[PDB]
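Colleague: Okay, so the sequence shown: first residue is 10 according to mature numbering (1 follows the signal peptide of the UniProt record, and there is no 0), each after it adds one. Just passing along the structure, written as C-alpha cells.
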Amino acid sequence: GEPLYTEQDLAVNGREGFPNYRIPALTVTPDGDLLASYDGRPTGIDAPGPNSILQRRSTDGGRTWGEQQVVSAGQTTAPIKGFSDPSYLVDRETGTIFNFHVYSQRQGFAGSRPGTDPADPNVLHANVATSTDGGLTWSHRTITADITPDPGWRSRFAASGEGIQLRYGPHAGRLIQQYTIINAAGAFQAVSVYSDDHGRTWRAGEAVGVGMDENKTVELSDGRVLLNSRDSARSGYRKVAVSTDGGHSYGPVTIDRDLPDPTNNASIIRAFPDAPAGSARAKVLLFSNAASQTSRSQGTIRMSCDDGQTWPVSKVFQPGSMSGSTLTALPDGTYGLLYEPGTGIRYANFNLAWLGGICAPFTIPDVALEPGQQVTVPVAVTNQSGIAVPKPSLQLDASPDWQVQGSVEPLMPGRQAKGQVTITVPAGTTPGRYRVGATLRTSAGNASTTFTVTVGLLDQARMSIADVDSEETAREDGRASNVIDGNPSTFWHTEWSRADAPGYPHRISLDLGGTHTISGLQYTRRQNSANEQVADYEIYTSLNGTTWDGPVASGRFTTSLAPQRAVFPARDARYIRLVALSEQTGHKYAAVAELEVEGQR
Ligand SMILES: CC(=O)N[C@H]1[C@H]([C@H](O)[C@H](O)CO)O[C@](O)(C(=O)O)C[C@@H]1O
Ligand code: NA
Numbered sequence: 010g011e012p013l014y015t016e017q018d019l020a021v022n023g024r025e026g027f028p029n030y031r032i033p034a035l036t037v038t039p040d041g042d043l044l045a046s047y048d049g050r051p052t053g054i055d056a057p058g059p060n061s062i063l064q065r066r067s068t069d070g071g072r073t074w075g076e077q078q079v080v081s082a083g084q085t086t087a088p089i090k091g092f093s094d095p096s097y098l099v100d101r102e103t104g105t106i107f108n109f110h111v112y113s114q115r116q117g118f119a120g121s122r123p124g125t126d127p128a129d130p131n132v133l134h135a136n137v138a139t140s141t142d143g144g145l146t147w148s149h150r151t152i153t154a155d156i157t158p159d160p161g162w163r164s165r166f167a168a169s170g171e172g173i174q175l176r177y178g179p180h181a182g183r184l185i186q187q188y189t190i191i192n193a194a195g196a197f198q199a200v201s202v203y204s205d206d207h208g209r210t211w212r213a214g215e216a217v218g219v220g221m222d223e224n225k226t227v228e229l230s231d232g233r234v235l236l237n238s239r240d241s242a243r244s245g246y247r248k249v250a251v252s253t254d255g256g257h258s259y260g261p262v263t264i265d266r267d268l269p270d271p272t273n274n275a276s277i278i279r280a281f282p283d284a285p286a287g288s289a290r291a292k293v294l295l296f297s298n299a300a301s302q303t304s305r306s307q308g309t310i311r312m313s314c315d316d317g318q319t320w321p322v323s324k325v326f327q328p329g330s331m332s333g334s335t336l337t338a339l340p341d342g343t344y345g346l347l348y349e350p351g352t353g354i355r356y357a358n359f360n361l362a363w364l365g366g367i368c369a370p371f372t373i374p375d376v377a378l379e380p381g382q383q384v385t386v387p388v389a390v391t392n393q394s395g396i397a398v399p400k401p402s403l404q405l406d407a408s409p410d411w412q413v414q415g416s417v418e419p420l421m422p423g424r425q426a427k428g429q430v431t432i433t434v435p436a437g438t439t440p441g442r443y444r445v446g447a448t449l450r451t452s453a454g455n456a457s458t459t460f461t462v463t464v465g466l467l468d469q470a471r472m473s474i475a476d477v478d479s480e481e482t483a484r485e486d487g488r489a490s491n492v493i494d495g496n497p498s499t500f501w502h503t504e505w506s507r508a509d510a511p512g513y514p515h516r517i518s519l520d521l522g523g524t525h526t527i528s529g530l531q532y533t534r535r536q537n538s539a540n541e542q543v544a545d546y547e548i549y550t551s552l553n554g555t556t557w558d559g560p561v562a563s564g565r566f567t568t569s570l571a572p573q574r575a576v577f578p579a580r581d582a583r584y585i586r587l588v589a590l591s592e593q594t595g596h597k598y599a600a601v602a603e604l605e606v607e608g609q610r
C-alpha cells in the first residue's frame, strides 16, 4: 500500500468540438476496459440543450484513453434533439452494457408535459442505449411508457453516474437505475427503475420522499438497498432511505448530517463489490461529492465501514472547483473517479492507502462556554478496525488564539475508547458559534469529526416567544419561533396574507427562560428575500416581563447576510425585545431568520 493519486483530463471545454462538457459516468466493462461518458453541450446548458452523449475508452486500466466517440448524437438544427445526463449499468451476468440518458426535444425537466408517446416532443423522454459488444456499438430504446405507471408523473430523468446489479437475495441479478420524477402535486421524488430479465423489460417501483433529486443506490452487506439523494429543498446535506425489497420500495427519508452537500450530484459505491454477504468487507462504502455547503468545491472522498451508518474517513481530492463526480471499482483493487474540475471532465485514480483512513468513528458533543473560560468534553471512539492502536493522538483544528488539546486512550479490538478535549477561549472573544475540527491520528490511518463550540451566547433551547406583533402562518411558515431554531433558512415573517395586517413598527420579544447578565443581540436577516429587512431598531429589556427598560441600544441594521451585533453595557434581564422601527426601503413587512442573545448562561 504505497499511496496512489493521479489525474488527467479526458475532455477540456472548448476543445474537440464542444464549448462545455459536464455530467460524468464511468464503468468497467466485462473485458476490463474503462468507459468514461459525459455530455457535450453545444450551448452550454442542461436539457433541452442539443446535447450529445460522448464516450472515451481506456484499454490499459485508465492510463491512456482513445478517441472521443458519440453514443447518442444531439441535433442543433431540424428538429432540435438532445441526449443528456448519462448513467452506465453493466449486466455482469450477460455482459450487456446500458447507458441511460434523457431524450429531449422541446422540453427539459422543468417543462416536460404528461405523456409517454415517443413521438411527442413536449415530453422529456427516458432513453436507454444497449451494447452487446463492450460499448463499441449501441442500439437505442425509449422506455418512458414502461417506467411511467402513474400518468401524473409528467417528467423524469435517470440520475447520471452508474447504476448497479444486485448480487444477494431473491432478486439477485436485478439491474437498478435511479430516477427523479415530478408528480402531479409538483413534488420531486426518487424512484428505482429496474429489470429482472437482463434489460429486456424495465419498470418503476414505488416513488419515495419529497424534496428529492438526483439519487443513487447501493447494495448493503445484508442485501438491503441504500438510497442516497441530492436534496432539492437545499438543507445543505444528503438525504437517505433504505429498501428491504430489492429497490422496489423505500422507508422514511432522513438527512444525513455527516454528509454536507451544496445541492448537487454525488456517488456511493461498494469498496468490495464481490465480498460475501455479511462480511466486514461487504460493509464498506465509498462516497464522493463536494463537501462545501456554499459552493461546488472541496471534492472529498469519504468511507463508511458500517453500511453507511457512520463516515469516519475523509480526504480532499479537489480543494477547488468540483461540480460532479462518480466512482467505480477497478479490477486492480483501486478506484476510478470521473469528475468536473471546472475545465470539463477529468479522470482520477486513487487507492485506499492514499485515502488513509481507519474505521474508528468517534463523537465529541457540542459545548457552550463564556469568553475567558475553559471546558473539557468527552470523546467516544468506536473501534471498528479489529486492531489494537497503542498510542493514538488527537489533533484539533480551532481558532489559533484559542488553546485546544486532546487525548484518547488506546484503541482495542471490538471496543469503545474514551478520550477528552479541553478548550480554552480568551477573554474578549466575540460571541458566536465556532466549528472545531478533530482528527484521530494513528499508525493505521486517520478518522475525524467536527463539533460546535458556542461562546458567549445564551441557550436558545430555554427561550420562547414572549410576544410578537404579527406573524404569517396561513400561506407560509413565518412563525416567530423560527428566530430561535439556529437555522438561517427559516424566518419569522409578519402577517402578509391579509390586507388588514399591520405595517411598521413591528416587535418580537424573547423570554430567556430565566434572568441572565446580557450585553448584546445578534440579528440575521431573511436570506432569500430583500424586501422585509429590518433597518432602524431599538432594543429593550425587562426584569419582570411587562415593564420595559430602554432603549438600551439603537441603530440601523445593514443588508449584510451575516449576524449583526447590537451591543450594550451588561445588565441583568429575563426578557429582551427587538422593536423593528422601519424596513430598509419602507416596505410593510419584517422578517428575521435568527436572533441570538449575548450573555452569560
Ligand atoms: C436533466 C437535467 O436537467 N439534469 C441537470 C440536473 C437537474 O436539472 C436537477 O438536478 C433538477 O433539480 O441539474 C444538474 O445536476 C445541475 O444542477 O447542474 C445538471 C444536470 O444536467
Ligand atoms: Na431561523
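Built from N, CA and C at the ideal position, the CB exists for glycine as well.
Is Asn-131 near ligand 2, with its Cβ less than 7 Å from a heavy atom?
Modeller: Flag unset: Cβ of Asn-131 not near ligand 2.
Colleague: May I ask you to check if the CB of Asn-455 is nearer than 7 Å to at least one heavy atom of ligand 1?
Modeller: Because no heavy atom of ligand 1 lies under 7 Å away, the Cβ of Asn-455 does not count as near it: no.
Colleague: Look at the alpha carbon of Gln-383 and the alpha carbon of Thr-526, and state the distance between them as a whole number of angstroms.
Modeller: Roughly 19 Å between the two C-alpha positions.
Colleague: In chain order, what residues of the same chain have a beta carbon less than 6 Å from the beta carbon of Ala-193, not counting five sequence neighbours either side?
Modeller: Same-chain partners within the cutoff: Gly-161.
Colleague: Relative to the C-alpha of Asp-240, which residue among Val-234, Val-249 and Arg-424 is closest?
Modeller: The candidate whose alpha carbon is nearest that of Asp-240 is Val-249.
Colleague: What is the residue span of the beta strand (DSSP E) that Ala-589 lies within?
Modeller: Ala-589 -> beta strand (DSSP E) spans 573–589.
Colleague: Checking 8 Å against the spacing of the C-beta atoms, do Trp-501 and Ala-489 come in under that value?
Modeller: In contact: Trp-501 and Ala-489 (Cβ atoms closer than 8 Å).
Colleague: Could you spell out the range, first to last residue, of the alpha helix (DSSP H) harbouring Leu-364?
Modeller: It spans 361–364 - the alpha helix (DSSP H) in which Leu-364 sits, taken as one unbroken run.
Colleague: Looking at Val-217: is its Cβ nearer than 8 Å to the Cβ of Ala-199?
Modeller: Yes, Cβ-Cβ distance for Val-217 and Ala-199 is below 8 Å.
Colleague: With burial defined as no fewer than 16 other Cβ atoms inside 10 Å of the residue's Cβ, what is the status of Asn-537: buried or exposed?
Modeller: The residue is exposed, with fewer than 16 neighbouring Cβ atoms inside 10 Å.
Colleague: With a cut-off of 8 Å on the beta carbons, I'd call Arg-355 and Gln-78 a contact; round off their distance for me.
Modeller: About 19 Å separates the two Cβ atoms, so there is no contact after all.
Colleague: For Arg-424 and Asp-315, what's the separation of their Cα atoms in angstroms?
Modeller: Answer to the nearest angstrom: the Cα atoms are 15 Å apart.
Colleague: Based on DSSP bridge pairs, tell me the residues matched to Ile-190.
Modeller: In DSSP, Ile-190 forms a bridge with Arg-165 and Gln-198.
Colleague: So, using beta-carbon positions, are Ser-67 and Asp-42 closer together than 8 Å?
Modeller: Cβ distance < 8 Å, so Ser-67 and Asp-42 count as in contact.
Colleague: Can you list, in chain order, the residues of its chain whose CB lies under 6 Å from that of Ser-244, leaving out five sequence neighbours each side?
Modeller: Only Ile-264 meet the Cβ criterion.
Colleague: Is the beta carbon of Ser-252 less than 8 Å from the beta carbon of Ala-167?
Modeller: Taking 8 Å as the Cβ cut-off, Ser-252 and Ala-167 do not qualify as a contacting pair.
Colleague: Should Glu-603 be listed as close to ligand 2, given that the test is whether its C-beta is under 7 Å from any heavy atom?
Modeller: Within the cutoff, so yes.
Colleague: When the distance is taken between beta carbons, is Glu-349 closer than 8 Å to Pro-33?
Modeller: It is a contact, given that the beta carbons lie within the stated cut-off.
Colleague: Please state if the CB of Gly-124 and the CB of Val-132 are separated by a distance shorter than 8 Å.
Modeller: Their beta carbons are under 8 Å apart, which means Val-132 touches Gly-124 by this criterion.
Colleague: Report yes if the CB atom of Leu-184 is closer than 8 Å to the CB atom of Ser-204, and no otherwise.
Modeller: Yes, these two residues count as a Cβ contact at 8 Å.
Colleague: Is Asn-491 close to ligand 2? I mean its beta-carbon at under 7 Å from any heavy atom of the ligand.
Modeller: Correct: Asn-491 has its Cβ closer than 7 Å to ligand 2.
Colleague: What does the alpha-carbon distance come out to for the pair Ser-230 and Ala-286?
Modeller: Whole-angstrom Cα-Cα distance: 5 Å.
Colleague: Is any non-hydrogen atom of ligand 1 found closer than 7 Å to the C-beta of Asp-222, if you look at the structure I gave you?
Modeller: Result yes, Cβ under 7 Å from ligand 1.
Colleague: Does ligand 2 have even one heavy atom less than 7 Å from the beta-carbon of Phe-500?
Modeller: Yes, Cβ of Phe-500 sits closer than 7 Å to a heavy atom of ligand 2.
Colleague: Which term fits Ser-416, buried or exposed, when burial requires 16 or more other beta carbons within 10 angstroms of its beta carbon?
Modeller: That one is exposed.
Colleague: Check whether the Cβ atoms of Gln-542 and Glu-480 lie closer than 8 Å to each other.
Modeller: No, the Cβ-Cβ distance between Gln-542 and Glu-480 is not below 8 Å.
Colleague: List the DSSP bridge partners of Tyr-203.
Modeller: Answer is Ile-185 and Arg-212, bridged to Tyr-203.
Colleague: Which first and last residues belong to the beta strand (DSSP E) in which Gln-17 is found?
Modeller: Where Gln-17 is concerned, the enclosing beta strand (DSSP E) stretches over 14–21.
Colleague: Which parts of the region 294–350 are runs of the alpha helix (DSSP H), unbroken and 4 residues or longer, counting only runs that do not cross its ends?
Modeller: For the region 294–350, not a single whole alpha helix (DSSP H) run of length 4 or above is found.
Colleague: Straight-line CA distance for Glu-605 to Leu-519?
Modeller: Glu-605 and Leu-519: Cα-Cα distance of roughly 10 Å.
Colleague: Could you have a look at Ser-230 and say whether DSSP puts it in helix, strand or coil?
Modeller: In the structure shown, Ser-230 sits in coil (DSSP, three-state: anything other than H, G, I, E or B).
Colleague: Consider the C-beta atom of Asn-60 and the heavy atoms of ligand 2; say whether any pair is separated by less than 7 Å.
Modeller: Not under cutoff, so the answer is no.
Colleague: Quick one: using the 10 Å Cβ neighbour count with 16 as the cut-off for buried, is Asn-553 buried or exposed?
Modeller: Answer is exposed; the Cβ neighbour count stays below 16.
Colleague: Expressed to the nearest angstrom, what Euclidean distance is found between the alpha-carbon atoms of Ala-87 and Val-262?
Modeller: Cα to Cα, the separation comes out at about 43 Å.
Colleague: Hey, would you say the C-beta of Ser-301 is under 7 Å away from at least one heavy atom of ligand 1?
Modeller: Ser-301 Cβ: outside cutoff for every heavy atom of ligand 1.
Colleague: Check for me: the beta strand (DSSP E) holding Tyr-112 runs from which residue to which?
Modeller: From DSSP, the beta strand (DSSP E) with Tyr-112 extends over 106–113.
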